[PDB]
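Consider the single chain below, provided in structure tokens and representing the form deposited in one PDB entry.
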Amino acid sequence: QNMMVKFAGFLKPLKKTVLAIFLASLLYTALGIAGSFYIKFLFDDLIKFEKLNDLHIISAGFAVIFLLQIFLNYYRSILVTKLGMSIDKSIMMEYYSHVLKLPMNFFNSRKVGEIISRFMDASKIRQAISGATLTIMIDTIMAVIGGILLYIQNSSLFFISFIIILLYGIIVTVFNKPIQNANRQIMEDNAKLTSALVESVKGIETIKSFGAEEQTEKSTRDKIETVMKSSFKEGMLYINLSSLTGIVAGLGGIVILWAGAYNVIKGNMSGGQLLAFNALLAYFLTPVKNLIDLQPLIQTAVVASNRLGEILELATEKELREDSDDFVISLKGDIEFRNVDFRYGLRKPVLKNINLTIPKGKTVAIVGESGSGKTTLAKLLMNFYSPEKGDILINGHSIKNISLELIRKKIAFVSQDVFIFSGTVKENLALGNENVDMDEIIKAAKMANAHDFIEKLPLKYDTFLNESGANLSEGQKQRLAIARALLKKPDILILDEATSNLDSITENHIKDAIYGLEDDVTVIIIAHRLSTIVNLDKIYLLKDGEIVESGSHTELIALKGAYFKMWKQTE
């Protein structure tokens, strides 16, 4: 694991609060040890000799001592809570910051519910780090002073206490591995249940439309039964651990009283001294038993931290990248696919020996039937995925030798589905560019024909868009995406079926807009309708991951090939 080393890093700045906690703990333990002698003073001196005034005076003094140690415990609890909140905040921030940067094949291969559950199985790390748990660990460490004093008082009774301690330590090891496995098994089942719940909430309209509420109930019921079986198996290990710990504690107390009474009879002690030993055992055995009782909480936190570190061990997208050529400053130039092969993991290949050469500052089209792999080409250009064979070149430089930030800032991608995040229209338009002038946003919205309906909104570029832009129409969200892409001022523009829901008036406006750009930006159009690609320089027809033919519209029509058949059938 790396979490123990990472834990020490968090406490490095706080080298002054830890000292205060240590000193407060020392004072608290010393005051408790001092106050443990009250029963000895009662039974050896005050009760035997009937000293009422001394009874009152020493009782008040010990009450004052107890109040002092309570005030000390209040002081260190605040510092411990502050440290716990700081550590938990750092852990959560690091995990989210890392999970944002992971490669794209991580999100494809993982259900949303799994990631959500892994993130939200982190409140369990707060519980084992909160004010009371760290206080109990500190008391367990401080129990050394109590043990030393107990040895100073009696030897045989200290050895009995030591045997009790060893029996505590033996039980912990036996229940260490079984409790982790039981806590890990329930976490996976909880992740599966959360994934099922998320998936059922997603397709609730389809569930209702088909009357599939009962089947979903049965499936989630089976998952709940699995979770409850895991929890029950994990919940009976706690019963065995608690029963063994209670046996040890109670029998050790009875044995200590037995041996102390034997010593008192033999004359090696007195009743007051034995009672003081029993009272001082609260600072040698009680903290240890409290730690053993908290052990399941620590095991749950450790399992959750290990599950988080499983994600944190994955290398991010920038860590899998070869060195970047600093001479490349712009992505303007010819785009070439050189024998590109790609398959989504280990399945059948999607692209087989792909060969394009898109001239710089030219508008080209990639067309084909659904599933041919046009969006896969667009995502390879965006460098979401890497070709298994061949390479993609921009102006003679491999796309793997260009910095990822430059690639993702100089290439604009408009997808089939538009993602609208919770915020105003202004915030959605300025995504990743929250320092742009307002006039530029107006210019982009006008260029994408999005200004007209935005100015008709109640807030006029401040309208809080709900989740997934429900209040926005299907063709209104596409115009927002196109405006967001144009606001980027890119060097390569990819329109992946961005005009499917737009009307003729709007599509003509956007067509002139992307036609009116400088003769240095490359516009790549991925379209399913052939009526929107007639006036572009070159058209590549993709048929199951292969450029079977290419050329302008006139040349493709004057070939009587697959493109001519597509044009005749689709028109």
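Here, rigid core means the biggest group of C-alpha atoms that superpose within 1.5 Å across both forms. A residue's number is simply how far along the shown sequence it sits, counting from 1.
The same protein has a further form, the form deposited in another entry, not shown here; the description that follows concerns it.
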Inset, instruction - Pick out the one residue among 145, 311, 87, 382 whose C-alpha shifts by 2 Å or more between this form and the one not shown, once the rigid core is superposed. - result: 145
Legend entry - Core fit, then residue 223 C-alpha moves 2 Å or more between this form and the one not shown: yes
Inset, instruction - Would you say whether residue 351 is displaced between this form and the one not shown, judging by a C-alpha shift of 2 Å or more on the superposed rigid core? - result: no
Inset, instruction - Answer yes if the CA of residue 404 moves 2 Å or more between this form and the one not shown after aligning the rigid core, and no otherwise. - result: no
Legend entry - Cα distance between residue 76 and residue 282, which in the other form differs by 3 Å or more from this form, closer or farther: farther
Inset, instruction - Have a look at residue 84 and residue 134: in the other form, are their Cα atoms closer together or farther apart than in this form, given the change is 3 Å or more? - result: farther
